[PDB]
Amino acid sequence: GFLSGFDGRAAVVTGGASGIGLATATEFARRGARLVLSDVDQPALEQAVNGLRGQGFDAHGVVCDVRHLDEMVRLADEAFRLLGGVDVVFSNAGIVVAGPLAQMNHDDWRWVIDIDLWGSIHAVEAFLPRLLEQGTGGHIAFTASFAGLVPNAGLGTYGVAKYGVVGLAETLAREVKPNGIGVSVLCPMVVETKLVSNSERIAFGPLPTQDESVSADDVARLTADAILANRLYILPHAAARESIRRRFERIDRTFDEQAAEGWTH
């Protein structure tokens, strides 16, 4: 049941009115997919949908805030009605938000866990049983972050949510492989913009932002390719590799440090 192509297939993209969501949906449509996009903003969603129709594609918009399970259930119902089935679900919400852990208040935490973690959990709650009942395989993809794979100072709160999304994707991949449902997680790079000499001429710690050195269109092509190849990870920036290695080496060496002090298990 693993996705063999996008042509004539049905895809649902949350947060589809802009950014990664819209770029990815547009790539799916270029490859022949029929689209349902969701976003919180009715008129901006209408605009994205009309843009896609203007390019000759078939797209509908459904208003949905991913933080609310009931709205996600309504979206799943509407997507199956409009498309007659769903083959690909691309769960996407939110943007990079930074700040030192010590300065995050409770509202900061609540917002980020809701949009960046619950928005992805809700996509599984609302779509997974329906994809299993449909019984024809398909694919579920998530937008996490490089900050879902390694610690980044200044992205503590966003990182906690994104670690949860990566864990969700990795376990889901194993569980639904036997059902012919592929799983991928897109992990976009972040960067601390260092103060340039020109800006310097003109206390919160590092404040990373999204890396914009690779275009959204290129990343959308990689994302669609990864889904077709059924690759679990989508890692657009080569700079990520060494940080991931360093994290796993720190974990691994811990075993030898323990043994050196006399641990026997």
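Quick note: we count residues from 1 along the sequence shown, nothing fancier.
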Does the entry skip any residues of the deposited sequence between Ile202 and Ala203, and if so, is it 1 to 3, 4 to 9, or 10 or more, or none at all? 10 or more
Looking only at C-alpha temperature factors in the entry, 148 to 156 or 70 to 78, the higher average sits in 70 to 78
Per the PDB entry, mean CA B-factor is higher for 84 to 92 or 164 to 172, namely for 84 to 92
Per the entry's Cα B factor values, which of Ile234, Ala224, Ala44, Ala59 stands out as the maximum? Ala44
Scanning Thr14, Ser243, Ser18, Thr24 for peak Cα temperature factor in the entry gives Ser18
Using the B-factor values recorded in the entry, state whether the Cα atom of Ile140 falls in the lowest, middle or highest third among the modelled residues of its chain. lowest
Would you please rank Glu192 by its C-alpha temperature factor against the other modelled residues of its chain and give the third it falls in: lowest, middle or highest? highest
CA B-factor placement of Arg247, once the chain's modelled residues are sorted into thirds: lowest
Taking only the Cα B-factors deposited for this chain, tell me whether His122 sits in the lowest, middle or highest third. lowest
Report the third (lowest, middle or highest) to which the CA temperature factor of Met104 belongs, ranking only the modelled residues of the same chain. highest
